[PDB]
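Participant: Just dropping this structure here.
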Amino acid sequence: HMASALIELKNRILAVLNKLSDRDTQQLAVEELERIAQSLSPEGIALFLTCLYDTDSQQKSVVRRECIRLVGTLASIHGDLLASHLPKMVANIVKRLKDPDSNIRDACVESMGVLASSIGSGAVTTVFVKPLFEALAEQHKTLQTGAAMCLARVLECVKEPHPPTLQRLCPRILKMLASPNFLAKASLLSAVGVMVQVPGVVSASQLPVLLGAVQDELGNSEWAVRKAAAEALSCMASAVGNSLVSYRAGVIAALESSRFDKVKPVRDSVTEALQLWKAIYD
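In our numbering, the protein residues as written are 1497 to 1778.
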């Protein structure tokens, strides 16, 4: 009775998902799919997700771009009633972090924001972050650059950020910054820039350690990692400057050197940061 309804649901969904391939029908098709998603049982949800997870797999770009968006769109329509699926959902977005396609990457980040804001205190935040760390541990660049961007988007969107679980994170970030086989330092630096702006993510006692870590990447030989390092320093200035006044002399000294950098984008970045660290009073 219900089970044959689900087969008929699948049929209706598949019928629309094929309209995502043709480009003139693409938005008709998403609109249809969002309408299908608005009226849906628990079991209809699970079926719908299923369909998204399969069509996710590796066959055309616009299609999996849009299936990733709809994982997001689901979350924002149903909130908590969709909560126990969160792990399969996260797992299925992280899987696509591997594609060296920035359209997919953008979709993946965006959806993770939506998930984080829409769905569900406590170790809800665990179910989002563990997969990203496992991703950052894997040795691919495309993957760890993207997991870095998701990690940022997630922390600034998460509705109820358990600080305890979030504060056990800074140790592993330090470790990834220290290692010289970490392939994504520039993006991970960016993420630190966001994380210090997010109340409750970095305990004040870990800020100084992390400032060291960041300031050391002004000596990296990837110029994009040095640029990112300056930028992260600017972020810590306007965000937590006054928390770090003791270290101010240090940072300005570092940057007074770094501003002579061979590479204009590094100079330009170091310049903004220097002015900002010079601007702290409070």
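Backbone N, C-alpha and C fix where the C-beta goes; we use that ideal spot for every residue, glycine too.
Considering Cα atoms alone, identify which of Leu1611, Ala1603, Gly1737, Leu1548 is closest to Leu1577.
Facilitator: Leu1611
Participant: Looking only at its chain, what residues have a beta carbon closer than 6 Å to the beta carbon of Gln1522, apart from the 5 residues adjacent to it on each side?
Facilitator: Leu1516
Participant: Is it true that the CB of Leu1662 sits closer than 7 Å to the CB of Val1710?
Facilitator: no
Participant: Alpha carbon to alpha carbon, how far is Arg1755 from residue 1446? Give it in angstroms, no decimals.
Facilitator: Outside the modelled stretch of the chain, which goes from 1497 to 1778, sits residue 1446, for which no answer is possible.
Participant: Going by DSSP, what residue range makes up the alpha helix (DSSP H) through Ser1686?
Facilitator: Residues 1681 to 1691.
Participant: List the whole-angstrom C-beta distance separating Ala1648 from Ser1686, where the pair is believed to meet the contact cut-off of C-beta under 8 Å.
Facilitator: Contact between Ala1648 and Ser1686 holds, since their C-beta atoms are separated by about 7 Å, short of 8 Å.
Participant: Look up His1497 in the DSSP assignment and say whether it is helix, strand or coil.
Facilitator: coil
Participant: Under a three-way DSSP split, which group does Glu1718 fall into?
Facilitator: coil
Participant: Report the start-end ranges of each alpha helix (DSSP H) in the region 1519 to 1553 that is 4 residues or longer and not cut off at the edges.
Facilitator: 1522 to 1534, 1538 to 1551
Participant: What residue range does the alpha helix (DSSP H) around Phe1629 cover?
Facilitator: 1621 to 1633
Participant: Where does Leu1651 fall in DSSP's three states?
Facilitator: helix
Participant: Rounding to the nearest angstrom, what Cα-Cα distance links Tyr1743 and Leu1707 in this structure?
Facilitator: 9 Å
Participant: Any idea if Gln1640 is buried or exposed, counting beta-carbon neighbours within 10 angstroms, 16 or more meaning buried?
Facilitator: buried
Participant: Using the three-state DSSP reduction, which class does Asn1677 fall into: helix, strand or coil?
Facilitator: coil
Participant: To the nearest angstrom, report how far apart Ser1614 and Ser1580 are at their CA atoms.
Facilitator: Rounded to the nearest angstrom, the two C-alpha atoms are 13 Å apart.
Participant: Using 7 Å as the threshold, is the C-beta distance between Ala1682 and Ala1726 below it?
Facilitator: no
Participant: Hey, is the region 1550 to 1558 in contact with the region 1499 to 1506, meaning 3+ C-beta pairs nearer than 8 Å?
Facilitator: no
Participant: So that I know if they touch, is there some Cβ in chain B lying closer than 7 Å to that of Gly1540?
Facilitator: Protein chain content of the structure displayed is limited to a single chain, and chain B is not contained in it.
Participant: On the CB-based measure, 16 or more other CB atoms within 10 Å of its CB, does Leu1510 come out buried or exposed?
Facilitator: exposed
Participant: Would you mind working out which of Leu1651, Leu1714, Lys1594, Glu1656 sits nearest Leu1673, comparing C-alpha positions?
Facilitator: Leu1714
Participant: Out of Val1766, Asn1738, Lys1758, state which residue places its alpha-carbon closest to the alpha-carbon of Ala1775.
Facilitator: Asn1738
Participant: Leaving aside the five residues before and after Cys1666 along the sequence, list all residues of the same chain whose C-beta is less than 7 Å from its C-beta, in chain order.
Facilitator: The residues are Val1698, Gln1702, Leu1706.
Participant: Taking all protein chains shown into account, decide if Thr1622 is buried (16 or more other Cβ within 10 angstroms of its Cβ) or exposed.
Facilitator: exposed
Participant: Taking DSSP as the reference, what is the three-state secondary structure of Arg1565?
Facilitator: helix
Participant: With a cut-off of 8 Å on the beta carbons, I'd call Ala1631 and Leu1593 a contact; round off their distance for me.
Facilitator: 6 Å
Participant: Return the chain-ordered list of same chain residues with a C-beta closer than 6 Å to the C-beta of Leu1670, the five sequence neighbours on each side being excluded.
Facilitator: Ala1709
Participant: Could you give the first and the last residue of the continuous alpha helix (DSSP H) run that contains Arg1763?
Facilitator: 1760 to 1775
Participant: Can you look up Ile1615 in the DSSP assignment and give me helix, strand or coil?
Facilitator: coil
Participant: Please classify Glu1634 as buried or exposed, where buried requires at least 16 other C-beta atoms within 10 Å of its C-beta.
Facilitator: exposed
Participant: With respect to the alpha helix (DSSP H) encompassing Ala1749, which residues constitute its N-terminal and C-terminal limits?
Facilitator: 1744 to 1754
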